[PDB]
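Each chain, written out:
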Amino acid sequence: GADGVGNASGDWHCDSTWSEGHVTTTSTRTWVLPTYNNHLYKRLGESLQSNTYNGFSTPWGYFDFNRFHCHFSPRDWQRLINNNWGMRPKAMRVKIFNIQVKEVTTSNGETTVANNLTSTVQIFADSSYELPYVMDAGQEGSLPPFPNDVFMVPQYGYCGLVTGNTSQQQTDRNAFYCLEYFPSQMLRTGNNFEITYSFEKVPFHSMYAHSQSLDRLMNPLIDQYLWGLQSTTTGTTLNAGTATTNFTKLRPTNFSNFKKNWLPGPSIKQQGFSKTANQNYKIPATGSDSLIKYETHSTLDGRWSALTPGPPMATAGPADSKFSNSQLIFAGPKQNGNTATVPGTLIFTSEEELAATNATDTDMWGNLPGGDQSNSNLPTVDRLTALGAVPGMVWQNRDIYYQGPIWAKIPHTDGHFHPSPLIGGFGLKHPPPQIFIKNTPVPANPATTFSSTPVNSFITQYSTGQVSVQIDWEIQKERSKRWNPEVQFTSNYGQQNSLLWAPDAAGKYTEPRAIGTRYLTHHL
Amino acid sequence: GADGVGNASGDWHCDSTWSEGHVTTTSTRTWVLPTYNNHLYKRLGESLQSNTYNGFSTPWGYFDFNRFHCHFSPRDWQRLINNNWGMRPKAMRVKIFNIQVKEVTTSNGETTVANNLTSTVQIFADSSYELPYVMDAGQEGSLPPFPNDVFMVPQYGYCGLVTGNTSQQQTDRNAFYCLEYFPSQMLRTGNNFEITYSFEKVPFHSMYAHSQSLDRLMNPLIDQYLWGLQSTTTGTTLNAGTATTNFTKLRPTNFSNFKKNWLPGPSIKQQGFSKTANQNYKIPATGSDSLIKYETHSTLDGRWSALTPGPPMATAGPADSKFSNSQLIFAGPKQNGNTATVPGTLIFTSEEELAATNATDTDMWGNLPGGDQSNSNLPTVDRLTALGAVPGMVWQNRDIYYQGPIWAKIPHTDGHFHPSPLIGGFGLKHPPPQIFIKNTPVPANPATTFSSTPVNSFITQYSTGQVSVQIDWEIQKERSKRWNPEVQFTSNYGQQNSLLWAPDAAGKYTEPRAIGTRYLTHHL
Amino acid sequence: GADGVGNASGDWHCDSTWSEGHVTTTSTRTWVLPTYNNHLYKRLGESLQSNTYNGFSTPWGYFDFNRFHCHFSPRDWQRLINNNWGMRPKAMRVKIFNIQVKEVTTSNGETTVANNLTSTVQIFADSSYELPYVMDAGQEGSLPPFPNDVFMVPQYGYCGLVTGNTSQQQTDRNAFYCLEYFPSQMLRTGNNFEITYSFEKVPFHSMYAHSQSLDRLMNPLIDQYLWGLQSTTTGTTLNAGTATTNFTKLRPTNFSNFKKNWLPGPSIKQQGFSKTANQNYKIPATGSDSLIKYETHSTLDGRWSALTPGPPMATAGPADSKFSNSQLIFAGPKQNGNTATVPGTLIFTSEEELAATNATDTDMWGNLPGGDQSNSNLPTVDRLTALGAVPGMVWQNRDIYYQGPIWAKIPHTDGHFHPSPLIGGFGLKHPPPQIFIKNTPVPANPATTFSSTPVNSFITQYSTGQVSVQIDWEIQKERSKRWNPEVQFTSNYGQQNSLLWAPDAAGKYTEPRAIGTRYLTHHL
Ligand SMILES: Nc1ncnc2c1ncn2[C@H]1C[C@H](O)[C@@H](COP(=O)(O)O)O1
Ligand SMILES: Nc1ncnc2c1ncn2[C@H]1C[C@H](O)[C@@H](COP(=O)(O)O)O1
Ligand SMILES: Nc1ncnc2c1ncn2[C@H]1C[C@H](O)[C@@H](COP(=O)(O)O)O1
């Protein structure tokens, strides 16, 4: 990739091509790149007991396309989800171009901008995965959903290890990575970048809700050939009757005692809250009794971490007054602030579909006897609040969302367990590589006599250009023998003043709701 | 198409090549492209009871060549129409080039402009016809008739469906189209665009007036062998005579009772008005009794729409004091305003030629008895005001004008009827494609710290370049055995201070009159 | 097709195979055939003034598959309609088999049935179309929607011409057709029938609702270059002002006066009624003033015929209190009788979608002046109630329904107009052929001495067997650049006691609602 100054170095492609069981999304967006940290690396750190962290902020920016709406349009996502029991990324190709480097000159009063033709910009992809991976933390920076929205490239920054739960102080293990210590490609207008990636083979995402329920997978018309204890006494009253060993053949209408082959999957109880302000308990944000303490969390090296997405568990409804972590929440259309007090201002996700295989988040997994029953003792009935893997469990994973993550890098650790990103998406060992970009520094007028001191005065600059990502998605059509019509993502937003999923009168594009994927159905 | 900065990317071609029965018009014009809607899409809507509408306005512009004077010169149009009984578009080729992108900087006092070499402009043709077609609504935006007139590219905007006749409110059917969701070609100075199209096979336009009249297509020297009822009585006085059944052989001088094989085509009565202000009735513009109400109109979903061009019908004369819809009216040479009160300030079209086959607009189709005549009853003589298609009808279509439309897209509907654009022109299923163009957004100085908010600050820009359209027209020479000379479009504007059909002393080109096409003659 | 007694002569196939743009439905059903008209042809006739009719009833039965639900399942119809802008029949193959002939013997008290192995049954297809075509009259007899529902084969009967509007008396033109005067194929158990058909090339059915509205097909941002009369006076008051000729440039916000190229299609006013019993007028069924008289109807040879389906016209809503002919009405799920008084007991269809191109059924087409306006006269504003074809009209046709007709035979007449069955469906010149079937007569014990009198005593018999129809449907996927999600047929029947579109607890299958086809959208 290399030509002249007055020659576009690439074209605008915003395809959409469906077929058999392959769909290829292609999209381009214009971007802007500032001069981060005024050209330098800055060591980050701040002791915040549990929020304690340390690291570094770099002068580099980076492209992030880890959000579904970066590739599919509303209509597409609809297509995709109303006719396919699953999908998955297969291949990706990214390309940056039409680089334009600008140098600003703030006048006596206001700023004036001009084209620095010979100025260069750098790009390079960490395809060896030797740098903290940031594109999968569910953070901002991905491309805009709306094709014609210009966006700012995010600043690259990474965290180191926090030794302790007190100080951000760093050990001899903490490491510093320098992006200049990498081979980068230098570009000027007329040059361009391009790269290709191939997704690892990964399981198709569900994209369907279950019909049958795990506890009702038998023939309602027939007896088991298995027997069990029905009751130890004769009455209808606890601890009172002639006392006997009553065994049953386990036949229809019973079912809750039918011997079964599979159990619901692992769960960890979550605290449930109400959207109606006065049904909660009045826990504060800050303080020694901050919400954190009362919400189910994990503990790493003395530090707390909300069990946020957490294990795949059946959740509350999107409409239900109850909600909780485990439920993804996105900003509403009219919500533009770091804070809100009106539930109706936000968007609530829901894993209600999982109630066919997984346990409910706020409830429990089941119950255990708290001791050994006797003729002179009925044991306490304990609560199975958290339960790990056990032979015979099966479960569904969290759904995927139109404005959700697409993939996440699996942690470089010997051993794990069922690698599905908890925020959702595809867990890859080596995922789409992070592409870094940064404007090259331009020394301003220099001293006329030598100085071993590093340069300070730099011309002020910023760049802009387009970028396009093309991902090949493998999808699988359904083919069920279900007779009755299925549920489907439909418009149904009724009459409206300014069409939904479209810019308003002021020219602002905003996403009305969150869209799932599990509309279609498959049995167990 | 791709070369250097100091290298013209195309040349100026304003041909004219006649021959056998093929004529090729080629013309180029310089254009200017602004930054529409300040870069964004805006939802349009306004409840105006009957004028109610909704839609969107885009940041894109578009080339429109759907006007005859965009291609032929006065003299050409003359050539074309004085020797050919018909013509039609055959092929088209368009090309944009010499792109120049400029960035403005308004100084403390006044503006200053400079060349942004690396800035890009986008172009693309919706050749899949997947976008509201606008080029055929008889609106402004086509190229200037005068070769050396710079023009502004029109803003693309489209309307959605209006559900109701009250509110502009939109339903789940209304759709939003985004032009960035298309593959567009990016250009810089030195790049260029080009495309080719081939007109569908379509009937040659008339270009001739009829000699014979539909009701007089027999031999004036001979009797029919058919008989008919002449009169039911004996006198010369209605309802008075000896009463008898008088049949005739239907011979010469009669003719109005001759049995004929064809009837005049469909018509719908139109209200006629006078150019002399006090011969009308004093209907107001606005109000509950707006002109609309009193003028023949159609009704779609409770909304009114003037039956404007309407069915092909014989019209008043261009000089006659009477005029009406059904008659195309263009702005006069000295008329420069959205309004006028002096008929002589405007230009009146006329379908007077159709009086040989079609019914007259303001009159009626014919008459019917309002009941069954009897010896004790003479029925009311009813007025056949509107009549649809009936086996045996034949008719001529509206003429074509030098400054008229050339083609129009036939509506995507199962079924229609005789697809001739009512404003006139060629009805194509897939017509010359709409070519969209828009300047690419250029972020102004950006923030030094990341922000997930879409960019606002953009350098101010506008572009200019040339464009040329070449259309190959198939024409058919006459070959009549008519003996007497034919009528012809002649100059005859007598003496003049500043030659007509030429710029004036001030350098302004203005079109004197409207030119038809039906000067030559063919019989029936 | 011919084998043994203990050898199935065919298998059960109830496929469903989707693909590219071709879908093949295959379905089988079990049937029963009685002995119609006790073996003989009976001349039909009954003078009922306007309901007068004559004809013949035959001893033959016939297979009818002219209903969409005979082939697609709920889910299929859903698939089909949420992803395709159209479809059409391409090829068909039918086959009858597993013939079983039974002979009944009513005992002293009750009946006893036995297998008559050697008894034969006849089948034959009128593929020369030489017999009144009955399969397209929107009558009963088609196969059951539910695969496992046994059905009775319909009796074949046809009507002759009614000369007059008084007597059922027949002329020398009336004709009698005898099915025995055809080559039929005789079968016994072990034999079978089979046949293939290929649909004529026919336009794909719409399957989409329009976005844009016919009267709003321009760019809302630009002026026309055409001028028109705005008002004849100065005030805001009719017949009062300084009186002038006010012409306008016809620019935005106006639109109802914009010169347009196309008009709404033909229409004929229909009377509208209310579902709320006391908003009507109290017209009786029978009588000299029967509803017929007051409802728009046609008149053939003095006989009346409700203009029932009638012309494609925008209709009321399915929920609207107003309804009318022009709207297809089907029996509700709980409606089991020839009569009903509760609108909510039935199912109402709706062509509300056509309001983008067609005129509204109950309203009118538009308005005309009732005379010529003058300075001393403002003409009556007439109502354009019925309007036929007129150059420039365009329109959409009636939708298709899940339980609607599929095709209809075009009448054997020189000339017609836009052959789309008015009840809906595909108008074919030569449609799927009528397959006739009838049990062969079996003489009971006969006289021992000769008699030239035709046989009377026949063993009592009836037959049963399976039949399967396979139709290859050509469908076209969409491919719009619409951005916002589309409307879609979704379940949404909320919670329920007995799942919908599925048998109830009693084992009865009933269709909840009627399903259209126009969920997807295309512009104009
Ligand atoms: N997103 C994703 N990525 C990878 N694997 C997934 C994912 N979702 C479910 N699984 C399953 C597939 C295999 O059973 C498995 C292997 O983990 P391993 O430790 O590699 O033996 O985990
Ligand atoms: N401008 C134009 N375009 C197309 N057809 C025209 C036009 N003017 C007249 N006609 C006639 C030619 C055929 O008779 C016809 C077909 O309409 P169809 O519905 O395609 O059968 O309409
Ligand atoms: N269902 C159906 N069948 C056939 N034609 C249809 C149908 N629907 C619309 N049309 C249109 C297609 C052609 O324009 C036409 C020809 O009628 P013709 O009299 O054959 O010239 O009618």
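Rules of the game
- Residues numbered from 1 in each chain as written, not as in the entry; some residues may be left out.
- Chains lettered and ligands numbered in written order.
- Part of a larger assembly, values for the part shown.
- Heavy atoms only, no water.
- Helix = DSSP H or I, 4+ residues; strand = E, 2+ residues; numbered from the N terminus.
- Contact = heavy atoms within 4.5 Å.
- Areas by Shrake-Rupley, 256 points an atom, 1.4 Å probe, with all protein chains shown as cover.
- Salt bridge = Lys/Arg side-chain N within 4 Å of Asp/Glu carboxyl O.
- Buried < 20%, exposed > 50% of the residue type's maximum accessible area, 1.4 Å probe, protein only.
- UniProt positions renumbered as here; feature names shortened; annotations may be inferred.
- Near = heavy atom within 4 Å.
- Polar contact = N/O pair within 3.5 Å; in protein donor to acceptor, adjacent residues only side chain to side chain.
- Nonpolar A, V, L, I, M, F, W, Y, C, P; charged D, E, K, R; others polar.
- Least-squares fit on C-alpha atoms.
- Pairing = 2+ DSSP bridges.
- Core = buried A, V, L, I, M, F, W, Y, C linked by side-chain atoms within 4.5 Å.
- Buried area = accessible area lost by both parts, 1.4 Å probe.
- Axes fitted to C-alpha atoms, helices over the stretch in contact; angles between N-to-C directions.
- Patch = residues over 30% accessible without salt bridge, like charges linked within 9 Å, V, L, I, M, F, W, Y side chains within 5 Å.
- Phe/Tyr/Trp six-rings, centres within 6.5 Å; stacked < 30°, edge-to-face > 60°.

Focus on the overall build of chain A
Here is step 1: Within chain A, the secondary structure is distributed over 2 helices and 30 strands.
Here is step 2: Seen through its C-alpha atoms, chain A measures out along the principal axes to roughly 110 × 55 × 45 Å.
Here is step 3: At a minimum sequence separation of 6, the contacts of chain A that also span at least 24 residues come to 75%.
Here is step 4: Of the roughly 26300 Å² that chain A leaves accessible, carbon and sulfur atoms contribute 52%.

Focus on the pattern of salt bridges
Once their charged atoms are close, side chains differing in charge can pair, the charge on each being opposite to the other.
Here is step 1: Inspection of every chain in the model, using the stated rule, returns 37 salt bridges over all chains.
Here is step 2: Its salt-bridge partner being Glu486(B), residue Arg482(B) comes within 3.4 Å of it at the nearest N-O pair.
Here is step 3: Note that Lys293(C) and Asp289(C) form a salt bridge whose closest N and O atoms lie 3.1 Å from each other.
Here is step 4: Residue classification places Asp289(C) among the partly exposed residues on the basis of a relative accessible area of 33%.

Some thoughts on the UniProt feature "binding site: Mg(2+) 1" (unreviewed entry) in chain A
Residues and elements named next belong to chain A.
Here is step 1: Using the residue numbers shown here, the UniProt feature "binding site: Mg(2+) 1" (unreviewed entry) corresponds to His69.
Here is step 2: By secondary structure assignment, the location of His69 is in the loop between β3 (53-63) and α1 (74-82).
Here is step 3: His69 sits in the buried class, given a relative accessible area of 3%.
Here is step 4: If we skip the residues at most four places from it in the chain, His69 touches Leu143, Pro145, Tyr402, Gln403 and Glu511.

What to know about the site of ligand 1
All names here are of chain A.
Here is step 1: Inspection of the region around ligand 1 gives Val202, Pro203, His416, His418, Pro419, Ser420, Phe426 and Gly427 as its neighbouring residues.
Here is step 2: Here an oxygen atom of ligand 1 sits 2.8 Å away from a polar atom, N or O, in the side chain of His416.
Here is step 3: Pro419 places a polar main-chain atom, nitrogen or oxygen, 3.4 Å from a nitrogen atom of ligand 1.
Here is step 4: Broken down by class, the residue content of the shell around ligand 1 amounts to 4 nonpolar, 4 polar and no charged.

Some details on the relation of the copies chain C and chain A
Here is step 1: Relative to chain A, chain C is turned by 180° and slid 0.0 Å along the rotation axis, the superposed coordinates differing by an RMSD of 0.0 Å. Taken together, the rotation angle and the small translation identify this as a two-fold axis.

So, the pairing of strand β10 (residues 193-198) of chain B
Successive residues of a regular strand alternate their side chains across the two faces of the sheet.
All names here are of chain B.
Here is step 1: Covered by surrounding structure in β10 are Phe193, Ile195 and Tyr197 only, the residues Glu194, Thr196 and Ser198 on the alternate face being uncovered.
Here is step 2: In terms of strand pairing, strand β4 (residues 84-106) meets β10 through 6 bridges, oriented antiparallel. Each residue of the ladder has a partner; that of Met92, found in β10, is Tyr197.

Description of the nonpolar core
Here is step 1: Core analysis: the largest hydrophobic core is formed by 78 residues, its most contacted members being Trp31(A), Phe63(A), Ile435(A) and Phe176(B).
Here is step 2: For this core, the element with the most residues is strand β4 (residues 84-106) of chain A, which contributes 7 residues.
Here is step 3: Apart from the residues within four sequence positions on either side, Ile435(A) is in contact with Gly61(A), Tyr62(A), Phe63(A), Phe65(A), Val94(A), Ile96(A), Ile123(A), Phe124(A), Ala125(A), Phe193(A) and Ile195(A).
Here is step 4: Ranked by size, the runner-up nonpolar core spans 51 residues in total, among them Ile123(C), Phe151(C), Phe193(C) and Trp407(C).

Observations concerning the UniProt feature "binding site: Mg(2+) 2" (unreviewed entry) in chain A
All names here are of chain A.
Here is step 1: UniProt's entry tags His210 and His412 with the feature "binding site: Mg(2+) 2" (unreviewed entry), counted in the numbering of this structure. For the annotated residues, spread through 203 residues, the largest C-alpha to C-alpha distance comes to 33.4 Å, inconsistent with a single compact locus.
Here is step 2: Within the secondary structure, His210 sits in strand β11 (residues 208-210).
Here is step 3: In this structure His210 comes out as buried when scored by relative accessible area, which is 15%.
Here is step 4: Engagement of the side chain of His210 in a polar contact is seen with the side chain of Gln396, the distance being 3.3 Å.
Here is step 5: Along the polypeptide, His412 turns up in the loop between β26 (407-409) and β27 (426-428).

Observations regarding the interface of chain C and chain A
Here is step 1: Listed per partner, the contact involves 29 residues of chain C and 29 residues of chain A.
Here is step 2: Here chain C packs against chain A, burying approximately 2500 Å² in sum over the two surfaces, 51% of which is carbon and sulfur.
Here is step 3: When the buried surface of chain C facing chain A is broken down by residue, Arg75(C), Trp483(C) and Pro485(C) rank first, second and third, together holding 32% of it.
Here is step 4: The interface formed by chain C and chain A holds 4 salt bridges in total.
Here is step 5: Across the chain C-chain A interface, the total number found is 17 residue pairs in polar contact.

Observations regarding the environment of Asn38(B)
Residue and element names in this part refer to chain B.
Here is step 1: Mapped onto the secondary structure, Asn38 falls in the loop between β1 (22-33) and β2 (42-46).
Here is step 2: On the accessibility criterion, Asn38 (53% relative accessible area) is exposed.
Here is step 3: Separated by 156 residues in the primary sequence, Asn38 and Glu194 place their C-alpha atoms 27 Å from one another.

Some points on the site of ligand 2
Residue and element names in this part refer to chain B.
Here is step 1: Taken together, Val202, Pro203, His416, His418, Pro419, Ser420, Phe426 and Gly427 make up the full set of residues adjacent to ligand 2.
Here is step 2: Side-chain polar atom of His416 to an oxygen atom of ligand 2: 2.8 Å apart, as the coordinates give it.
Here is step 3: For ligand 2, a nitrogen atom lies 3.4 Å from a polar atom in the backbone of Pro419.
Here is step 4: When ligand 2 sits alone it has 490 Å² of accessible area, and the protein chains cover 52% of it.

Things to note about the sheet that holds strand β13 (residues 246-248) of chain C
Here is step 1: Read from one edge of the open sheet, 3 strands run β21(B)-β13(C)-β12(C), paired in antiparallel fashion. Two strands lie at the open edges of the sheet, namely β21 (339-340) of chain B together with β12 (228-231) of chain C, each paired on one side alone.
Here is step 2: The pairing of β12(C) with β13(C) spans 3 bridges and is antiparallel. Looking at β13(C), one finds that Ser231(C) is bridged to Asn246(C).

Let's talk about the sheet that holds strand β17 (residues 297-300) of chain B
Adjacent strands of a sheet form backbone hydrogen bonds with each other and so pair up, either parallel or antiparallel.
Here is step 1: The 4 strands are arranged β18(B)-β17(B)-β22(C)-β23(C) in an open sheet whose pairing can be described as antiparallel. Each edge of the sheet is formed by a strand with only one pairing partner; in this case those strands are β18 (303-306) of chain B together with β23 (381-384) of chain C. Each strand of the sheet is rotated relative to its neighbour by a mean of 30°, with strand direction disregarded.
Here is step 2: Direction of pairing for β17(B) relative to β18(B): antiparallel, over a ladder of 4 bridges. Among the inter-strand pairings, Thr299(B) is bridged to a residue of β18(B), identified as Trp304(B).

Details of the pairing of strand β29 (residues 460-477) of chain A
Residue and element names in this part refer to chain A.
Here is step 1: Within β29, 13 of the 18 residues are buried, leaving the element largely enclosed by the surrounding structure.
Here is step 2: The sheet contact formed by strand β1 (residues 22-33) and β29 spans 12 bridges and is antiparallel. Each bridged residue has a counterpart across the sheet, and for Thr26 the counterpart in β29 is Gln470.
Here is step 3: In the sheet, β4 pairs with β29 via 16 bridges, with the strands oriented antiparallel. What sits directly across from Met92, in β29, is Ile471.

Quick look at the interface of chain C and chain B
Here is step 1: Counting from both sides, the interface comprises 106 residues of chain C and, opposite them, 124 residues of chain B.
Here is step 2: When the two sides are added together, the surface that chain C and chain B hide from each other amounts to roughly 10000 Å², 59% of it contributed by carbon and sulfur.
Here is step 3: Interface area lost by chain C to chain B is led by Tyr225(C), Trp227(C) and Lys481(C), which between them contribute 9%.
Here is step 4: Where chain C touches chain B, the interface holds 5 salt bridges.
Here is step 5: Of the charged contacts, one joins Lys249(C) and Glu140(B) as a salt bridge, the two residues approaching to 2.9 Å between their closest N and O atoms.

Section: helix α1 (residues 74-82) of chain B
Here is step 1: Three or more residues of α1(B) are buried, namely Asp76(B), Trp77(B), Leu80(B), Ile81(B) and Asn82(B).
Here is step 2: Buried residues along α1(B) sit in contact with β4, β30 (460-477) and β31 (520-522) of chain B.

A word on the relation of the copies chain C and chain B
Here is step 1: With an RMSD of 0.0 Å, the operation that places chain C on chain B is a rotation of 120° combined with a shift of 0.0 Å along the axis. Taken together, the rotation and translation describe the operation of a three-fold axis. Distance from the rotation axis, computed per C-alpha, reaches its smallest value in chain C at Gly388(C): 2.3 Å.
Here is step 2: Residue by residue, only 6% of the interface of chain C is reproduced at the interface of chain B, so the copies engage with different surfaces.

Let's talk about a nonpolar patch on the surface
Here is step 1: A surface patch of nonpolar side chains, amounting to about 260 Å² of accessible area, comprises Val5(A), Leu117(A), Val5(B) and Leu117(B).
Here is step 2: Following the sequence through the fold, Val5(A) ends up in the segment before β1.
Here is step 3: Taking relative accessible area as the criterion, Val5(A) reaches 33% and is therefore assigned partly exposed.

Here we look at the packing of aromatic side chains
Residue and element names in this part refer to chain B.
Here is step 1: In total, this model carries 87 aromatic pairs over all chains according to the counting rule given.
Here is step 2: Ring centres 5.8 Å apart and planes at 85° place the aromatic pair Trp31 and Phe63 in the edge-to-face group. Taken together, the residues span a long stretch of sequence, with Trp31 in strand β1 and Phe63 in strand β3 (residues 53-63) at a distance of 32 residues. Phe63 matches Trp31 in its accessibility class, with the two residues each being buried.

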